[PDB]
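Below is one structure, written out as structure tokens; the observations come after it.
Chain letters run A, B, ... following the sequence lines, proteins first and then strands; every chain starts at 1. Below, all heavy atoms of this structure are taken into account, side chains as well, without hydrogens, waters or symmetry copies.
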Amino acid sequence: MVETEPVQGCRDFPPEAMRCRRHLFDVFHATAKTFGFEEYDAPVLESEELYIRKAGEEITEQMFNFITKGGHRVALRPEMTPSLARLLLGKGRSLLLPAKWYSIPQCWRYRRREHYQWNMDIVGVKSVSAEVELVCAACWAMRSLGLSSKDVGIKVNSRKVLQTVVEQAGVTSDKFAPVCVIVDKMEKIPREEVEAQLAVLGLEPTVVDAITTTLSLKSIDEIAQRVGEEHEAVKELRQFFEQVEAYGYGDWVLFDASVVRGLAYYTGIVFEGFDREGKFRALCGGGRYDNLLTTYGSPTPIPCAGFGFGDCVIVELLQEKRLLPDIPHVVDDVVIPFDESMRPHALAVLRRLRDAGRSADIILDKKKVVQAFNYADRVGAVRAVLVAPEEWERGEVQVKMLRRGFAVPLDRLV
Amino acid sequence: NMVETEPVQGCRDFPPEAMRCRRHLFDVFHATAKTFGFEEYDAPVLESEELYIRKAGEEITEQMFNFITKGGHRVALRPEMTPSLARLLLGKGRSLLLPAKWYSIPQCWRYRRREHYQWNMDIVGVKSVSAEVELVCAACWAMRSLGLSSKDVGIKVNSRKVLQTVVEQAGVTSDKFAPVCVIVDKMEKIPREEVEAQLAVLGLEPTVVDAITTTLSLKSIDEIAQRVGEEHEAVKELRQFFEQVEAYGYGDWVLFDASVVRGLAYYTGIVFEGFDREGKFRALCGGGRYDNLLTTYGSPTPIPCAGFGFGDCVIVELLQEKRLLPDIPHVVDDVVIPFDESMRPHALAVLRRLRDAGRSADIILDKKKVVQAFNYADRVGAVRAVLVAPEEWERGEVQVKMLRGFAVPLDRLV
Ligand SMILES: N[C@@H](Cc1c[nH]c[nH+]1)C(=O)O
Ligand SMILES: N[C@@H](Cc1c[nH]c[nH+]1)C(=O)O
Ligand SMILES: OCc1ccccc1Br
Ligand SMILES: OCc1ccccc1Br
């Protein structure tokens with residue numbers, strides 16, 4: 001026998017599991033539509049060069065890469081944002097801004113080795129309204145799935161606070177991305193180790209202390225005390241919360257000075273969704289990244305913000321909260337030939353049902369009526385349509401509702 | 001200076017314009033599957049190479065995009081979906097209720113294009129030709145849904161059992177039958193001398209090659225009946241098939257062609273392929289019955305199966321030629337325009353309201369003047385512009401303009 005299990009770290013989606021994935025993806029799509037985002041896609045295979053950012057990111061470290069027959073360095077995408085940037089760079093001035101682009105790529109790593117990730121990005125918007133919209137969209141999706149502000153929230157911060165603190169200590173700006181990557185590890189590794197890694201990057205103890213203290217500040221007012229009310233981060237975070245409040249999602253968002261995210265490229269506001277019971281990893285994660293397109297060679301800087309929202313953590317949360325009931329397969333009609341001599345007539349009926357916009361099966365194999373009826377019930381049919389010779393002479397069929405029996409004229413079926 | 005903006009060799013980018021076209025096609029695939037009662041499934045694009053080692057000289061297996069993992073395992077990006085389907089079915093065993101009708105739209109790979117999407121539809125557990133009938137009707141249904149007629153396209157249908165008998169009657173070992181089909185499939189693409197030469201290499205003497213050639217040239221089912229008998233399975237099955245399609249109302253879409261064998265090793269019975277009636281393009285779709293495949297994978301019980309693949313590239317060319325792919329512009333229902341920044345919070349409340357009612361709506365995110373906001377609304381194909389101005393807001397109103405503006409109460413917007 002062949003190996004029936006999928007390749008290591010990869011998931012099969014038979015119909016039962018696919019209904020769940022589809023339930024989630026319907027919401028991603030519907031939220032994107034609601035918010036005016038346009039769908040896009042790019043190949044799962046990208047040039048390895050696209051991901052060589054040299055900032056010690058977990059995402060780039062764990063790349064599923066390989067060498068082609070022909071010698072080119074390629075990888076299965078670990079994330080979508082670089083692909084997005086490539087596409088935008090390729091369009092150049094022909095791209096109308098602002099642009100709001102979304103996709104649901106499968107992404108890879110070399111435990112799980114694959115996941116689907118809803119991406120939403122806003123391009124060409126300088127102001128925090130982008131971050132506001134992005135954060136509102138994530139919440140909207142979660143609410144659409146049945147979660148409340150009691151179940152989840154979005155922690156929000158700005159990397160600019162830490163940028164100032166780092167820059168005020170004389171630390172070269174090129175070290176800032178590494179600092180964020182390192183400091184992101186606070187939750188997952190001991191503070192001694194995070195401190196040790198910053199030393200290796202070349203930062204003296206008093207600078208590491210200032211970094212640590214600022215991650216512990218518990219309000220925007222406390223940020224304002226340390227760096228000034230006029231500091232960009234304060235201004236931007238205030239606007240952000242004001243706008244979310246106005247949109248009516250105030251209960252869903254909050255400030256957290258320890259949120260930096262682990263990606264090199266975030267320059268401004270960053271955020272991540274979390275379950276308020278502290279049971280799961282981040283539900284989604286994002287931020288502003290205004291320099292990325294410059295680093296790729298854009299002659300003009302291009303503001304961007306966005307987020308990724310994985311398919312795995314959300315499903316665990318929903319299961320825990322009992323918000324993923326099994327969704328059984330449904331079809332409107334199952335057409336049942338009384339016997340094989342009635343199959344041609346049954347096919348005409350089937351045709352008619354489908355032409356009217358109904359989902360319909362015909363029993364394909366040779367079955368007795370009661371077995372056909374059982375099958376109809378298994379596939380979750382709303383209605384069984386028996387095509388029998390006596391009724392057919394009347395220009396009729398027998399109909400029976402499943403969610404005992406009625407003759408109906410052919411023309412009145414739909 | 002700049003990252004490579006082109007995608008990896010042989011792979012396509014789908015920016016929003018191109019994605020709308022793919023999505024238009026995929027909507028039809030999905031809708032046809034739903035109409036026909038098929039259930040969605042999916043499996044990893046990465047599969048064990050062992051899954052595709054069929055040793056029949058198939059083009060599909062020859063052109064595999066395969067590579068070796070760091071851990072030394074032979075894997076491949078799937079060249080087709082049918083082996084994955086079989087794996088999943090084998091994995092479910094007796095827990096799978098039959099009949100089953102499963103569909104998917106996988107991206108499949110090969111090493112000038114290296115990548116395509118392919119709608120798969122398969123019926124499992126149905127011994128009789130009604131499966132093939134349904135499959136063929138579904139392909140036609142999809143094509144008709146896209147605007148094609150029986151004047152534009154058709155499905156050529158045959159049975160491999162005719163050739164099976166002819167080959168078996170000449171004393172040719174049954175294990176050589178799959179190779180014969182693979183070779184004979186090449187008739188349309190390469191000279192008859194070469195096809196004859198390849199069969200000789202497989203070990204068949206000239207008179208056997210003649211019998212093969214003659215049977216591929218038979219022009220009707222009656223002529224098949226003369227050669228192998230009216231009671232031969234193929235004749236019986238093909239007659240039932242055409243009778244059923246006729247009854248379903250798709251008789252003008254289908255026809256007999258004795259030269260159709262397909263290039264896959266595993267087809268045992270009826271085979272078919274869609275074609276444009278102008279003779280301009282390669283096959284639009286292709287499929288057949290494959291009743292032994294699950295036995296070769298190690299199923300203790302034989303499991304009847306039939307299905308088809310329907311690629312995303314040929315159909316698009318046909319539709320373009322026929323002027324059935326008008327540019328589908330991006331649409332959104334509402335664009336909300338703050339009169340100025342002081343009106344943004346109120347605008348956000350309006351935006352929230354619009355979206356809560358099931359409408360797709362943007363808000364202008366950056367600072368711009370009203371007429372420029374109006375232009376932008378028109379670019380994104382907005383049905384309606386909603387101006388949020390201080391005077392109207394005091395009235396509990398906004399100004400609406402369809403794409404002379406007029407005032408509307410907030411509650412009457414939706
Ligand atoms: N690529 C980020 C999410 C994101 C999308 N856009 C901007 N950021 C991640 O994987 O975490
Ligand atoms: N896998 C076949 C199509 C098919 C699906 N099911 C049965 N046949 C192909 O790639 O041509
Ligand atoms: O964090 C999970 C994950 C991230 C990136 C690629 C693949 C996976 Br699975
Ligand atoms: O016939 C085109 C094709 C077949 C299989 C995989 C990838 C492609 Br492109």
Side-chain angles (χ1 to χ4, degrees), chain A residues 329-351 353-403 405-414, chain B residues 31-38 99 101 123 126 128-145 149-150 155 236-255:
Chain A
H329 177 262
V330 301
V331 71
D332 294 324
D333 306 315
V334 171
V335 182
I336 304 172
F338 181 86
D339 59 25
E340 285 303 302
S341 72
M342 296 307 296
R343 180 167 296 284
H345 300 313
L347 286 161
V349 173
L350 183 67
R351 172 64 185 284
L353 291 172
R354 292 176 173 162
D355 280 347
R358 290 180 73 76
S359 61
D361 293 329
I362 183 166
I363 303 295
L364 299 167
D365 46 349
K366 202 170 93 293
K367 279 182 160 160
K368 294 138 196 173
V369 173
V370 36
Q371 277 78 74
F373 193 76
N374 184 239
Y375 183 81
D377 187 72
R378 304 301 192 94
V379 303
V382 174
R383 193 169 71 160
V385 181
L386 176 63
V387 187
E390 207 176 338
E391 284 76 2
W392 183 262
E393 274 198 68
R394 281 89 168 257
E396 296 177 332
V397 292
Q398 293 190 240
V399 175
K400 195 161 184 275
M401 310 307 294
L402 317 189
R403 274 89 182 87
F406 296 111
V408 182
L410 273 34
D411 295 50
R412 311 286 180 179
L413 279 174
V414 294
Chain B
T32 300
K34 183 168 168 182
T35 292
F36 277 62
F38 283 63
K101 314 206 290 176
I123 300 179
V126 177
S128 92
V129 301
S130 52
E132 288 96 322
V133 169
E134 173 125 302
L135 291 162
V136 170
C137 288
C140 296
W141 189 274
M143 291 189 291
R144 207 172 191 284
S145 299
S149 74
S150 55
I155 316 290
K236 204 126 65 165
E237 286 169 349
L238 291 160
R239 300 259 198 224
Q240 279 166 12
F241 175 92
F242 286 103
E243 180 186 352
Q244 287 184 36
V245 171
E246 184 89 332
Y248 189 73
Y250 274 142
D252 292 326
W253 291 72
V254 302
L255 53 111

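- No side-chain heavy atom of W253(B) sits under 4.5 Å from any side-chain heavy atom of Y248(B).
- Taking the side chain as every heavy atom from C-beta outward, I362(A) and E134(B) approach each other to under 4.5 Å.
- At a threshold of 4.5 Å between non-hydrogen side-chain atoms, the residues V349(A) and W392(A) count as touching.
- For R403(A), the CZ atom sits in a packed shell: over 12 heavy atoms of surrounding residues, nucleotides or ligands are nearer than 6.0 Å.
- With rounding to the nearest 0.5 Å, the separation of CD in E393(A) from NE2 in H345(A) is 9.5 Å.
- The NZ atom of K400(A) lies 10.0 Å from the CZ atom of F406(A); values are rounded to the nearest 0.5 Å.
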TODO: Show your working on side-chain contact (heavy atoms from CB on, under 4.5 Å) between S130(B) and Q244(B) and close with a plain yes or no.
DONE: CA-CA 7 Å; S130(B) 52; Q244(B) 287 184 36; 3.6 Å; yes
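- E243(B) places a side-chain heavy atom less than 4.5 Å from the side chain of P344(A).
- Closest approach of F241(B) and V129(B) over heavy atoms only: N-CG2, 3.9 Å.
- Under the 3.5 Å distance criterion, the side-chain polar atoms of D339(A) are matched with a main-chain donor or acceptor of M342(A).
- Panel note: side chain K101(B), backbone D361(A); no donor-acceptor pair is recorded below 3.5 Å.
- Closest of all the heavy-atom pairs between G251(B) and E246(B) is CA-OE1, 3.2 Å.
- Checking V335(A), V408(A), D333(A) one by one against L413(A), the side-chain contact (heavy atoms from CB on, under 4.5 Å) holds for a single residue, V408(A).
- A 4.5 Å side-chain heavy-atom check between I336(A) and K367(A) finds every atom pair outside the cut-off.
- Annotation: side chain of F373(A) is not in contact with side chain of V334(A) (no heavy-atom distance under 4.5 Å).
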- [ ] Decide side-chain contact (heavy atoms from CB on, under 4.5 Å) for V133(B) and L135(B); before the verdict, give the C-alpha distance in whole Å, the side-chain angles of both, and the deciding distance to 0.1 Å.
- [x] CA-CA 6 Å; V133(B) 169; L135(B) 291 162; over 6 Å; no
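- The side-chain heavy atoms of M401(A) and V382(A), taken from C-beta on, include a pair separated by under 4.5 Å.
- In this structure, CD in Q371(A) is found 10.5 Å from CD1 in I363(A), a value given to the nearest 0.5 Å.
- Residues passing the salt bridge (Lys or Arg N to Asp or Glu O under 4.0 Å) test with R394(A), sequence neighbours excluded: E390(A).
- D332(A) places no side-chain N or O within 3.5 Å of a backbone atom of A360(A) that could act as its donor or acceptor partner.
- Scanning both residues, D365(A) and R343(A), for their nearest heavy atoms gives O-NH2, 3.6 Å.
- Put simply, the side chain of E237(B) does not reach to within 4.5 Å of the side chain of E132(B), judged on heavy atoms.
- Closest approach of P99(B) to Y375(A), counting heavy atoms only: O-OH, 2.8 Å.
- Contact record, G37(B) with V331(A): CA-CG2, 4.3 Å, taken as the closest heavy-atom pair.
- Atom-to-atom distance recorded for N374(A):CG and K368(A):NZ is 13.5 Å, nearest 0.5 angstrom.
- Both the sub-6.0 Å distance and the 45° axial angle are satisfied by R351(A) relative to the ring of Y250(B).
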